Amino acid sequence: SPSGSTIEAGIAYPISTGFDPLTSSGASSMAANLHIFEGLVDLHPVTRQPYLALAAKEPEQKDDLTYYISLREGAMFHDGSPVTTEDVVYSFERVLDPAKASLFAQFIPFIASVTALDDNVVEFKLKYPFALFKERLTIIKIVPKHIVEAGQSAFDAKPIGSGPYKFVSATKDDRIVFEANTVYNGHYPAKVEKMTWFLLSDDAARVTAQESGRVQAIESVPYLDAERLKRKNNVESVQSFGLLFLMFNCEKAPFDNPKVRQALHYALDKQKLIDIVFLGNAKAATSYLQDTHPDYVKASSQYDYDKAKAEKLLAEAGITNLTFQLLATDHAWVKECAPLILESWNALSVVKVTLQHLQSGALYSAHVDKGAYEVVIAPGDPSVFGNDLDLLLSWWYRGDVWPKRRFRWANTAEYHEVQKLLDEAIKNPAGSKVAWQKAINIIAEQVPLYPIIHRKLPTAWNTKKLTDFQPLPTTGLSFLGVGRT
């Protein structure tokens, strides 16, 4: 009975993108969209298991290339309109259309066409068989065509979906407000009438909110505060793909030289970062994946701290007096890693580095997407979309979204080989493990964008106030199925 009760939560990530699922890659926007939008099939935020959302029943697989999905009876958008098969077609076609510049088409490269057969059934035709078809549907949220066509920017700021919570408002550095969608008839109806996410990127403010009872759960517990929070709260730390990456503009001298990119990895003392910033709750990367991922295989290139090796590579690359600027995001823990990275690099005999911090939204729109940068450290976690290896590789390495328009490595022979390998692993599934490891090993040698560390992710919540809350293995918070005591 969502009347008389509310949920308040502390979210760690500022709003850095809008909410249009065409482009909403910001951590806090994606988390909101788990509640505002539905796919045809969604993955549970905690268990990652698929469940029927806008699909009325299990997708009917006619053959390896053909699936039919029927819409849940009575499904409605938050404006009171029915969800239609045209809305489904529109949602997939806009992601697939290169002109629309989605951030996510590289997660559905196997879809050939989406067609409305009648007012209930949609036909999906695939380019080749893809066993994870249903699992990927969670990425393509179903949007109301009549709203989006009336103004994409307005929809991006005020999203309308079919999920159990309706968007009320979002105010930067303040809060996102949701309300129960009382016409939702899926599996996870809103258990409270109103939910407020306070945007508390400041570590201390976020912890204080939990301690004071201003919120019932907080994302991304600062490691230093975990012990004191345990007195009155549950604190649980979950193994995660979530990582800190080092990203180079590979078309700007001298970071177009792989030896320079390698050198800067070798120059970093990861154990010091882990001790000082993460309190042991992270591991230096030894592959693309974290070592607890089921598909982890250790990469053939390792970057254990070795200053002499860094110096040797720089001398081979002809570096005698390199001065560059590192851009970093503003996440409190990224701000803590940055000076330590700078100290390690400034200790090199031929490198001097300065630092600039920026909010993530401006970092991408004003610098990265234009190529107006040299080197970035930033956090990333595409495991929000799913946990399969093609997906995690594709986010950063399939197509153009990052390799062409962000880290600018798409003109290399190595990039083209990686594309062939990523395609082979999904078009020839019997060869996938071999093909993925070849791609990962090229990526790990070339280090265009590569993890420095993967981290354990702690969440805190009050079990006396919330029912059925569980922490995620990804960024965000989930209140699907969660109520108040």
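The first residue of the shown sequence is 1; numbering continues from there.
Decide which of the stretches 101 to 109 and 203 to 211 has the higher mean C-alpha B-factor, going by the entry. That would be 203 to 211.
Out of 378 to 386 and 189 to 197, which one has CA B-factors that are higher on average in the deposited record? Higher mean C-alpha B-factor in the PDB entry: 189 to 197.
If you check the C-alpha B-factor for each of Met30, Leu449, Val434, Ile453 in the entry, which is highest? Spelled out: the listed residue with the top C-alpha B-factor is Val434.
Between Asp156, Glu316, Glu219, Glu179, which one tops the list for Cα B-factor in this entry? Comparing C-alpha B-factors across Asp156, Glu316, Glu219, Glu179, the top value belongs to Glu316.
For the chain shown, is the CA B-factor of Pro59 in the lowest, middle or highest third of its modelled residues? As the PDB entry reports it, the C-alpha B-factor of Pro59 lands in the highest third of its chain.
Relative to the other modelled residues of the same chain, rank the CA B-factor of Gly74 and answer lowest, middle or highest third. Highest third, going by the recorded CA B-factors of the chain.
Divide the modelled residues of the chain into thirds by Cα B-factor and specify which third, lowest, middle or highest, holds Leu363. Within its chain, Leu363 is a middle-third residue by C-alpha B-factor, going by the deposited values.
Grab the CA temperature factor for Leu348 from the record and place it in the lowest, middle or highest third of its chain. Ranked within chain, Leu348 CA B lands in the highest tercile.
How does the C-alpha B factor of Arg408 compare with the rest of the chain: lowest, middle or highest third? Answer is lowest: the recorded C-alpha B-factor places it there.
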